[PDB]
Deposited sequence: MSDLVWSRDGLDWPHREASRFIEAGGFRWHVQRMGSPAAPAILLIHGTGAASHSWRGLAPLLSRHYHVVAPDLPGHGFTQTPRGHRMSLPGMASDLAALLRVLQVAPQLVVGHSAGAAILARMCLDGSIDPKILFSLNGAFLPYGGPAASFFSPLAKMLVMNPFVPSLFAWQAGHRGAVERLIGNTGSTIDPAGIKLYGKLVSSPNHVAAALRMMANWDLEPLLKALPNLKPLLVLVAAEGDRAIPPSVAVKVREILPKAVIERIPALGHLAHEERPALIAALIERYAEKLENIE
C-alpha cells in the first residue's frame, strides 16, 4: 500500500531517504550528518518508522553519522521470519551493504531488544547501547504464555490488519492510541502515524512481529552483553512501565537507569533535545 512517490511526500527529512537492497529485499533508510563521523544507529519500535527519529536525528547529525532504517515490513521498507533473531540478522545484512560499524546505538521499545540481540550475535560492537523505554520483558507479563499462541492465530488471518487499519483511520483514533501510551506529540507527527496505521501491510507487519516475539532466549544471554546499557525510563510510560528497566538491571547489574518524570512512551518524540543531551553526556565519557 505504501508507495514513496505517492504516500511519502510529506515524510520528514525526505532528502535523507534512500532505498537500499540488502538481505534479499529493499530497505528505506535515512542518513544524516557526515559519513565519516562516528556512526549512530537508531532503531524504532514496533509499528513505527524512521519518522519517529525526526526530532532527534538532526540534533545528533552535528556530531555523528545518523543511520535510521524502517524495520522490515514497516513504513517504506518491504516485507521479507519476522522474529527477533530474524530481524537482528537482516539488519546486520543492511549494515554490511552500507558498510557501517556503529559506535553508539539507540533503540526505542522493541528496537532496544533488537539491538541487544545484534550485540550478542557479535554482528556489531558499539560502546554504548541506549535503551529508550526498551521492551525487554514480554508485553503484559507471563500472561504471554497464554496470549502467545492465540495471537499467532490472529496474525494468520489477513482480515485482522485490514480491520485494525480501517478502525484506526477514524478521526481521533491515532491521538487516542498515542495518548494511551502516555505521550502527546505534534499534529504533523499524528498525521504521519495516521498514514502508517491506515496501511494494512504496515499493521500486518507490526502484528506478526508481536506474535513471533520471544524474549526468553535474549534474557538468558543478556548477562554477557559487552556494551554499556543505558536504560532510559520515562515514568509516564504506560505501555512499558519504568519497572521493566529495574528488572533488566536485576539481570545485568552493570546496567544503568536514567529516570525521566512525566514523559510517556514517545519521550524522544516529545522532547528530543532532552534525549540528545543525555546521549551526549554519556558519549563524552569516552
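Can you list the gaps, numbered from 1 on the deposited sequence, where no C-alpha is modelled?
Going by the record, the segments left unmodelled (no C-alpha atoms) fall at 1-2, 83-85, 292-295.
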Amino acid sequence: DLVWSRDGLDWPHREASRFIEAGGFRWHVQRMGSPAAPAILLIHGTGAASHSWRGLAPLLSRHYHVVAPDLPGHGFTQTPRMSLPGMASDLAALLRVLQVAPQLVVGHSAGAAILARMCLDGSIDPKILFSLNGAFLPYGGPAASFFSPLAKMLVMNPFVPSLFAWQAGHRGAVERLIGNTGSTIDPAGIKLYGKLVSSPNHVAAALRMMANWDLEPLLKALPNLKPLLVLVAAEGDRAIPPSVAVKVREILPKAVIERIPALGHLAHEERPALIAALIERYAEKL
From here on, numbers count along this sequence of modelled residues.
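If you average the Cα B factors in the entry, which is higher, 90-98 or 106-114?
Between 90-98 and 106-114, it is 90-98 that shows the higher mean C-alpha B-factor.
Identify the stretch, either 62-70 or 29-37, whose C-alpha atoms have the larger mean B-factor according to the entry.
Between 62-70 and 29-37, it is 29-37.
Between 198, 201, 77, 131, which carries the biggest CA temperature factor in the record?
Max CA B-factor in the entry, restricted to 198, 201, 77, 131: 198.
Going by the entry, which third of its chain does the Cα temperature factor of residue 253 land in?
As the PDB entry reports it, the C-alpha B-factor of residue 253 lands in the highest third of its chain.
Give the position of residue 240 by CA B-factor within its chain, expressed as the lowest, middle or highest third.
Middle third - that is where residue 240 ends up once the chain's C-alpha B-factors are sorted.
Going by the recorded CA B-factors, say which third of the chain residue 266 sits in, lowest, middle or highest.
Lowest third, going by the recorded CA B-factors of the chain.
Is the Cα B-factor recorded for residue 188 in the lowest, middle or highest third of its chain?
Middle third.
Determine, from the deposited record, the chain-internal third of the Cα B-factor for residue 84: lowest, middle or highest.
Within its chain, residue 84 is a middle-third residue by C-alpha B-factor, going by the deposited values.
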